[PDB]
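Contents: one structure, followed by commentary.
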Amino acid sequence: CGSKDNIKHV
Amino acid sequence: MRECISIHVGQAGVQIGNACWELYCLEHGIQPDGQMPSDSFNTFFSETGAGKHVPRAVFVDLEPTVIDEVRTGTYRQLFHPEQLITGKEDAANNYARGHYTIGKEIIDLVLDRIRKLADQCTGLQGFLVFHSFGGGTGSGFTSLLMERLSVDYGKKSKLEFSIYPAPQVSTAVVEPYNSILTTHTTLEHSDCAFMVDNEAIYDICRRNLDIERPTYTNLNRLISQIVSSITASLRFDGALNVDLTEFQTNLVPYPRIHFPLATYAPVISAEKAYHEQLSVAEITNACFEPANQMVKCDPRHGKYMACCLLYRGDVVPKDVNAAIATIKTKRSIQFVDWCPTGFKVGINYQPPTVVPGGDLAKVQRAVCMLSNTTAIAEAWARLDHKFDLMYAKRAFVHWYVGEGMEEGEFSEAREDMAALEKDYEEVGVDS
Amino acid sequence: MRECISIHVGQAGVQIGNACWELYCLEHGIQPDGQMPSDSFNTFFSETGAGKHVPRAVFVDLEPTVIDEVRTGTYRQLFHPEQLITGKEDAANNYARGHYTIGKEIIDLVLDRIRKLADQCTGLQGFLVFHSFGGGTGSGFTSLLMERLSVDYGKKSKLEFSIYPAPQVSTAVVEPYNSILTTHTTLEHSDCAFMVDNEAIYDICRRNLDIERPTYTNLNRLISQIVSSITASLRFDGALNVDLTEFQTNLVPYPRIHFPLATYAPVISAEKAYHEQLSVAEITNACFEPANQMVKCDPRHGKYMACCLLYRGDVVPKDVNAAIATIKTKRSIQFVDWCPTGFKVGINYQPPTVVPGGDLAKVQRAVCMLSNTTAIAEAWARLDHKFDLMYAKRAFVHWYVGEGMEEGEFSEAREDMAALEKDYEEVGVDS
Amino acid sequence: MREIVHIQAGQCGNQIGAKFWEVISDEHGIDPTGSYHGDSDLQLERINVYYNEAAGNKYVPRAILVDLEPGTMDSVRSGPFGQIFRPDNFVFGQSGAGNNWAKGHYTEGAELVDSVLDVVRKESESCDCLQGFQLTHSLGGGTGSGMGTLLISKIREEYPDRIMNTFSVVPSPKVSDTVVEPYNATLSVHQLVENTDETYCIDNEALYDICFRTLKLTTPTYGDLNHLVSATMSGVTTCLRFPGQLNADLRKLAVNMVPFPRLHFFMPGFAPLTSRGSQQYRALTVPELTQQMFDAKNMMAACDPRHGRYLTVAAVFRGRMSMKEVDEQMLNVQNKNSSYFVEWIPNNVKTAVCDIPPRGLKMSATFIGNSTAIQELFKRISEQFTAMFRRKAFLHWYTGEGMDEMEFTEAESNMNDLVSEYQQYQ
Amino acid sequence: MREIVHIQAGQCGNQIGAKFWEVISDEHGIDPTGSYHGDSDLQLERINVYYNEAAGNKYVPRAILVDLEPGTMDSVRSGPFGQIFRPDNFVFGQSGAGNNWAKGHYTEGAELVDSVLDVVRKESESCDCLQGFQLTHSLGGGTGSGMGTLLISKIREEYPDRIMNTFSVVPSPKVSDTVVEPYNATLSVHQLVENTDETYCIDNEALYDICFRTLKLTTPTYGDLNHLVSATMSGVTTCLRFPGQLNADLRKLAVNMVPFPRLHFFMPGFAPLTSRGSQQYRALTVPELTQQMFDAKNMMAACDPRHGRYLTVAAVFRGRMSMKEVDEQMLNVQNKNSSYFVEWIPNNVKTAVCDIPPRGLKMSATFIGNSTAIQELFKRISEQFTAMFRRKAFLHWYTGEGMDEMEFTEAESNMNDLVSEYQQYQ
Ligand SMILES: CC(=O)O[C@H]1C(=O)[C@@]2(C)[C@H]([C@H](OC(=O)c3ccccc3)[C@]3(O)C[C@H](OC(=O)[C@H](O)[C@@H](NC(=O)c4ccccc4)c4ccccc4)C(C)=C1C3(C)C)[C@]1(OC(C)=O)CO[C@@H]1C[C@@H]2O
Ligand SMILES: CC(=O)O[C@H]1C(=O)[C@@]2(C)[C@H]([C@H](OC(=O)c3ccccc3)[C@]3(O)C[C@H](OC(=O)[C@H](O)[C@@H](NC(=O)c4ccccc4)c4ccccc4)C(C)=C1C3(C)C)[C@]1(OC(C)=O)CO[C@@H]1C[C@@H]2O
Ligand SMILES: Nc1nc2c(ncn2[C@@H]2O[C@H](COP(=O)(O)OP(=O)(O)OP(=O)(O)O)[C@@H](O)[C@H]2O)c(=O)[nH]1
Ligand SMILES: Nc1nc2c(ncn2[C@@H]2O[C@H](COP(=O)(O)OP(=O)(O)OP(=O)(O)O)[C@@H](O)[C@H]2O)c(=O)[nH]1
Ligand SMILES: Nc1nc2c(ncn2[C@@H]2O[C@H](COP(=O)(O)OP(=O)(O)O)[C@@H](O)[C@H]2O)c(=O)[nH]1
Ligand SMILES: Nc1nc2c(ncn2[C@@H]2O[C@H](COP(=O)(O)OP(=O)(O)O)[C@@H](O)[C@H]2O)c(=O)[nH]1
Ligand SMILES: [Mg+2]
Ligand SMILES: [Mg+2]
């Protein structure tokens with residue numbers, strides 16, 4: 608699962 | 001209107017379906033012969057002839073004894089004769105037999121019957137499937153059938169009420185093999201899977217209902233009560249309605265995590281009903297205690313991702329809001345940080361109906377609770393461990409290999425299961 | 001409104017609880033089955057069903073005999089079945105068994121039931137605990153329960169009704185060990201602890217009631233009358249109400265000195281009732297004789313620190329003031345210099361109720377008195393002496409050590425008791 | 001003269017509309033059969049504002065009921081006041097949005113919007129002088145939010161110069177009714193803020209508080225909440241159906257309440273609200289109504305105005321009163337609470353007086369406030385949105401309908417932009 | 001014109017207020033239901049002082065009900081005249097102070113004071129020209145002392161120019177009703193002496209003495225005590241409701257009573273007080289009232305003024321009297337009994353006359369004396385408090401609520417300074 612993809616979003 | 005199709009496969013599925021259909025007929029006031037002694049129940053029953061209501065059900069098995077029991081039971085003149093499909097030799101607890109060797113003989117006939125039943129419906133919403141993980145016919149044919157369905161329909165939702173293997177109680181030796189294989193092949197072909205444990209229901213019956221001899225009839229009656237509470241919002245009207253699609257939209261955060269746990273309240277006996285007032289707050293509290301969950305896993309070992317509450321009967325929305333708030337403030341339960349709003353509620357006007365000669369007392373309100381939590385990860389790990397114990401020495405492998413299952417498939421399944429476990433560990437960590 | 005929870009532990013606690021609940025049901029006009037034949049009694053009874061009242065009581069014991077006696081008596085259908093909790097083997101007059109080995113098995117279940125009952129109340133103010141020092145289950149499990157309750161809640165009051173060991177009459181050989189250990193453990197967890205003495209109540213029944221065969225029913229009826237007089241201010245409205253917190257605010261000057269003495273008046277027989285026109289002043293006088301005290305110790309040997317009076321029925325405040333003034337001017341009793349105002353007085357309208365088959369006549373006014381006096385110090389000394397007589401030769405010590413209690417614990421307890429004695433002699437000296 | 005078309009979307013919208021139409025019919029003296037049986041000529045004087053006229057004295061309300069599932073308005077048809085509506089205005093779908101904003105905005109709404117617009121156009125052609133549109137919906141559900149935004153966009157394209165009012169149900173701060181409730185709400189506002197002339201925000205938690213603490217209702221159901229909402233709806237537009245000393249229609253309220261185009265969210269109220277046990281302990285007068293209106297406890301949105309400053313205020317009184325009393329009460333309120341009013345706008349209040357009282361009551365008042373404190377709610381929603389979008393929770397459900405993450409990014413950026421504007425103007 | 005808001009805290013305050021409101025209602029001819037059924041126009045001419053007028057001739061007392069436990073006010077609500085109060089004025093907590101000054105002043109009072117102040121402010125804004133506040137409480141209880149002190153402080157901060165009057169049940173000198181009576185008493189005075197305008201001291205033992213020796217009652221209950229306490233309460237403020245030859249309100253009483261800001265503790269008395277058998281044997285004239293008022297056994301405070309000297313004295317007559325007789329009696333009292341009047345103040349006596357007899361009487365008179373004999377009460381309280389405080393008895397109960405021993409030390413120092421001042425002025 609791609610739960611770590613958007614953790615860099617401001 | 002909106003119509004739901006029910007499929008029951010294997011011994012467990014067929015018996016649970018018998019209990020469910022008895023409950024539906026009792027709730028809607030339909031005699032066992034299909035006649036009404038005296047209409048939103050078009051969802052489950054279709055009208056054929058003059059006043060006869062035929063359930064939209066398919067009963068499948070590779071062994072004719074349990075279906076023969078159905079054909080001679082009290083509800084013989086209720087089911088369509090062609091909806092009861094039987095094989096000759098069962099899968100014999102062999103996933104490969106019910107998947108590759110025996111399943112493919114009648115999968116086409118089952119699909120034809122399902123298509124014929126579904127073409128009649130105008131507002132079909134999804135499929136209900138009842139089966140068990142450990143069984144050969146159950147796991148194998150259910151996996152094959154769901155693969156075929158997801159190819160054929162795709163957009164319609166598909167739901168399972170499967171029997172998860174118990175941590176200690178077992179009735180087969182080849183149980184981990186079948187469980188792992190069917191989970192691996194059904195992970196990408198399902199939308200929501202509600203699982204229950206026989207051991208947990210035994211504990212519930214002993215602790216709450218005060219029954220020392222809980223035969224399979226009582227377990228199936230409890231499961232049917234849960235299914236009825238799930239489908240009530242379709243079969244009746246209330247202050248807040250929830251159909252099947254909202255379940256998957258609200259309880260499934262990621263496509264690979266669709267294994268909620270189903271509980272129920274209030275499960276009390278006749279004599280203790282007098283000493284207790286079944287208020288909304290107290291039953292909401294009881295739905296969250298670990299001792300009431302019907303899968304042998306402790307919620308306190310993990311965190312909830314999403315929660316769904318379904319209330320029936322005499323229920324006031326303000327009380328529901330207050331009880332949910334009180335649960336939220338309590339620190340005995342844990343919620344993931346990335347899910348600030350973790351509740352979906354539905355309220356229905358129709359109170360539960362007690363089957364005569366049953367074990368549950370009469371109440372004016374009831375709650376069905378579904379939770380998607382990481383506390384199930386532990387269970388997965390346990391199963392994997394057992395698989396490894398039996399796969400380091402190639403025990404029982406020849407039985408599956410002789411039926412056309414290549415050996416590497418086992419490894420694949422195990423690998424996939426490991427990844428799934430990792431998935432949970434990734435989402436159980438806050439940011 | 002304001003709610004109270006009653007806890008009964010061990011044989012003595014359970015029997016006293018049965019007597020108390022029979023008395024309460026008679027006072028509030030509740031039939032043994034829980035119905036009413038015709047409302048401020050929400051403090052003790054909770055409403056349920058269709059006009060059924062369930063007491064807020066929890067019964068705990070490690071042996072099923074007495075609880076099963078309750079479960080088949082006249083009040084079987086009154087108590088909630090889950091509130092009567094039983095073990096399988098009793099502590100057998102062993103503090104260690106009831107505190108470490110056996111008590112820890114059901115402490116969690118007892119706490120679960122406690123919190124389930126507590127969440128039902130909106131204005132819960134305290135717990136009532138009935139137990140005995142001498143027994144194993146009583147002392148040990150009571151100490152464990154007080155520890156857990158103080159940790160979990162901390163702010164709510166915790167009153168104690170306990171059977172202090174009699175100076176001469178004894179029913180066990182290991183009473184000093186259990187008494188010292190439970191006093192050391194519970195010294196810093198009980199807000200207030202009233203005591204009764206079986207020998208003193210025997211003496212009262214012999215001298216006043218003219219009874220030569222006082223079974224435990226008479227003693228439990230007396231104790232129930234006393235606790236009824238204590239809680240009447242909650243259960244009924246009066247000219248001067250007294251809460252549960254006011255008792256501890258008015259009778260405990262220091263956290264380590266919370267051992268008052270309970271008396272009651274008038275205690276007369278039916279035959280002598282007609283020859284005495286009972287008045288407020290004479291009852292107040294009667295409450296101060298040493299022969300009427302319910303602890304076998306002489307208050308004239310010590311000095312009062314605080315006194316609490318609770319009047320019921322036909323009572324005039326001016327007469328109360330006059331009687332209390334007369335008591336104060338009488339120099340046969342003494343008060344500590346640092347407590348110039350040593351009286352709390354509460355008045356209630358509802359007179360006491362006579363239980364049929366009882367042994368007390370009908371009166372229109374009654375007084376319950378609680379006095380925190382230094383004369384109790386002697387009692388402690390005696391107990392300590394006995395402990396030493398038994399501990400120099402380490403008699404019975406192996407019984408306690410084999411259950412995990414370390415030997416040094418005994419020393420601590422004894423040392424603590426010594427300090428307590430010093431404490432009393434420090435505050436019994438005027439300045 | 002003017003006429004108002006009513007729209008009704010989703011389950012919440014349908015139930016609120018049913019209660020609203022029952023209240024309106026009772027006010028105008030129309031029985032559930034649709035036949036006039038009133039007592040005063042003023043009931044029929046302006047009955048054309050809401051009701052058409054068919055041959056045979058029967059009156060057909062000018063309403064449109066829309067849902068993606070048939071259950072709610074099936075119950076509406078079966079129940080009372082179901083024969084009053086014209087059956088051609090019941091538009092149903094088979095699937096249902098399933099609490100998915102994308103499904104109700106791009107897939108099912110795309111199918112139903114043509115039929116709904118055909119019905120709307122046919123209904124509005126018979127209009128003599130259309131004043132505007134009314135919409136009832138909720139920002140939490142899929143059907144409500146998605147199809148409401150789609151309908152509002154299409155209408156604003158079709159009738160740019162008309163008036164659009166929405167009575168939304170914004171998410172509550174404490175307890176939610178839907179897990180994905182944050183997402184939809186934000187995706188709704190990104191459209192609403194661009195296409196709606198004015199919006200009144202309603203919170204269920206505030207209604208629960210009002211019913212419990214003030215009305216002393218032990219068991220408040222959705223019926224009572226919709227009763228209150230319908231009372232406010234009727235109070236807002238009362239100047240269009242009865243004569244009064246000072247009149248105010250929708251256009252004038254809009255002119256007085258939007259200092260800037262992007263700030264059109266208000267918090268409604270009502271007065272008097274008393275139980276049937278303490279109504280004889282209080283004499284209702286203009287000061288009482290004014291004091292109850294300017295009560296943070298009486299607000300119908302769970303947002304304390306004391307945390308911010310009012311921009312504009314409207315007070316619509318109903319009954320027979322004295323203009324001097326109203327003016328002195330407003331002056332006193334402005335003087336005492338002068339710390340809660342922006343300095344760059346003098347005379348924040350606008351008043352209207354309608355002669356005809358609510359049927360049974362002596363007098364009444366409806367409060368509409370445009371406070372900056374609403375930013376709180378906005379930012380809270382944004383916060384929760386981020387807490388999900390950082391981990392892509394439930395994102396596949398929306399992205400499987402054709403939406404892309406850039407839409408979520410744009411909606412969040414616009415949401416923060418609106419919050420910053422509200423903060424700056426305070 | 002002038003209007004009064006009435007507040008009561010604790011069990012004593014609630015009971016005294018119930019009796020007082022029953023007395024006032026019977027005086028003005030108002031039934032328990034609240035509907036006026038009087039026979040004179042003066043009963044309505046100035047009824048606005050205590051009663052607001054509701055819708056439909058009903059009259060609602062301007063009273064507030066404050067308590068930390070609901071039993072007392074529940075009994076008030078269920079009993080007679082319990083349907084005359086507005087239910088919103090009943091303010092109750094759950095925990096209760098438990099005879100603890102600290103618990104009711106810092107922990108429970110902190111929670112309840114906000115709501116009570118909101119209710120008080122709402123009541124006060126409806127007042128046309130608010131005259132002042134009345135409080136009734138006891139210095140021995142926890143809730144009364146603590147919560148009343150907190151309210152007095154908050155009200156004085158909010159309204160610094162109004163009038164605050166208190167009726168305090170001071171601890172008795174002989175028999176105490178509470179062990180912790182010393183502490184609480186001091187902790188109240190140390191605040192009262194800073195925040196209140198005037199305080200009337202009443203001792204329950206003196207009331208017992210009066211109803212035993214004078215009224216010849218065999219079985220006096222709290223009902224009789226509250227009955228004559230309310231008689232005094234009504235007598236004090238009778239000039240605010242009925243016209244008289246020479247009338248005085250609260251402000252004039254305060255001006256003529258207190259010579260210095262720290263001396264506002266008076267000893268009230270009432271006349272005539274006769275039994276049911278002796279009423280036929282004694283003549284009721286002005287000299288009889290004047291001789292009964294200036295009697296040691298007739299005072300409501302258990303402190304003989306013969307040990308000290310009066311500072312100022314107020315006599316509020318009631319009925320139809322002759323001014324010459326009143327003035328001649330005052331001259332005679334000041335001349336013959338000159339041994340206990342201060343030398344630095346001539347004309348210690350201020351007289352007022354109210355035409356209307358109380359209800360069914362001929363003449364009556366209320367006495368309010370500011371004597372230097374209350375220093376005896378302060379001496380006794382100081383001695384008991386210090387004796388208890390030397391050994392730290394019961395101190396942990398107070399210190400566990402947040403307070404510290406510095407508060408006890410400063411309270412004892414301040415009240416000892418009050419002792420020194422009272423001694424010095426004599
Ligand atoms: C006889 C009388 O005077 O009694 C009142 C009454 O007791 C109270 C409580 C009424 C009553 O309202 C409620 O019971 C209520 C309860 C929960 C939520 C909302 C309402 C009343 O039902 C409402 C009713 O009002 C009307 O008749 C108006 O036309 C009202 N219409 C309806 O409520 C209505 C209900 C069902 C079907 C059709 C209409 C209305 C109000 C605002 C705007 C337009 C219309 C009246 C005056 C009363 C009762 C009967 C008790 C109130 O009515 C309103 C909304 O103004 C509640 O607040 C007021 C205060 C009144 O004192
Ligand atoms: C003609 C006459 O003198 O009749 C009196 C009476 O005999 C005496 C003894 C009355 C009587 O009062 C008592 O003796 C008494 C005291 C405590 C408890 C119960 C009864 C009387 O009860 C008292 C009562 O007085 C009143 O009604 C006053 O208005 C009084 N109000 C009430 O007592 C009252 C009763 C029910 C409800 C509300 C008020 C009052 C006086 C001043 C200010 C406010 C109120 C009356 C007529 C009498 C009796 C009946 C014997 C006295 O009372 C007052 C305060 O006036 C005692 O001191 C006076 C002297 C009177 O002579
Ligand atoms: N709760 C419940 N579980 C059942 C019931 N019947 C069977 N099971 C479960 O099913 C498991 C055994 O597998 P089955 O479902 O009987 O296998 P099958 O469906 O008959 O398929 P085959 O193995 O090929 O015969 C057991 O572990 C049971 O836990 C039932 O009536 N109720
Ligand atoms: N006054 C009174 N005392 C009792 C009663 N029942 C038991 N006791 C006292 O209890 C003491 C005996 O200890 P138990 O109470 O039986 O001890 P327990 O609580 O049962 O726990 P165990 O020691 O493990 O059995 C005796 O000395 C009695 O004085 C009673 O009904 N009334
Ligand atoms: N005030 C009010 N709110 C409602 C009612 N019914 C539903 N809601 C709100 O609407 C939300 C559910 O959205 P819903 O309209 O049912 O979803 P939809 O079917 O996709 O439009 C919940 O958050 C409820 O709070 C109602 O009758 N009254
Ligand atoms: N005169 C009079 N005194 C009272 C009455 N009720 C209580 N008291 C006195 O008030 C004291 C008790 O204070 P209380 O109000 O009960 O404590 P609280 O609960 O903290 O407010 C006692 O000393 C009583 O003498 C009453 O009705 N009349
Ligand atoms: Mg089988
Ligand atoms: Mg025992």
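Protein chains in written order, with UniProt numbering: chain Y, 608 to 617; chain H, 1 to 38, 47 to 439; chain A, 1 to 38, 47 to 439; chain P, 1 to 426; chain U, 1 to 426.
Built from N, CA and C at the ideal position, the CB exists for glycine as well.
beta-carbon residue i near ligand 8 non-hydrogen atom, thresh 7 Å
| i | result |
| --- | --- |
| A/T190 | no |
| U/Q83 | no |
Contact test: residue i Cβ vs ligand 6 heavy atom, cutoff 7 Å
| i | result |
| --- | --- |
| A/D245 | no |
Environment of residue i [buried if 16+ CB atoms lie within 10 Å]
| i | result |
| --- | --- |
| P/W344 | exposed |
| U/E27 | buried |
| H/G148 | buried |
Length of the line joining the Cα atoms of residue i and residue j
| i | j | result |
| --- | --- | --- |
| H/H28 | H/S170 | 26 Å |
| P/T143 | A/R2 | 48 Å |
| U/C239 | P/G277 | 35 Å |
| P/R320 | P/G244 | 9 Å |
Taking any Cβ of chain P, which residues in the segment 181 to 215 of chain U have a Cβ under 8 Å from it, in chain order? none
Hey, which unbroken runs of the beta strand (DSSP E) at 3 residues or more fall wholly within the segment 63 to 107 of chain H? 65 to 69 and 92 to 94
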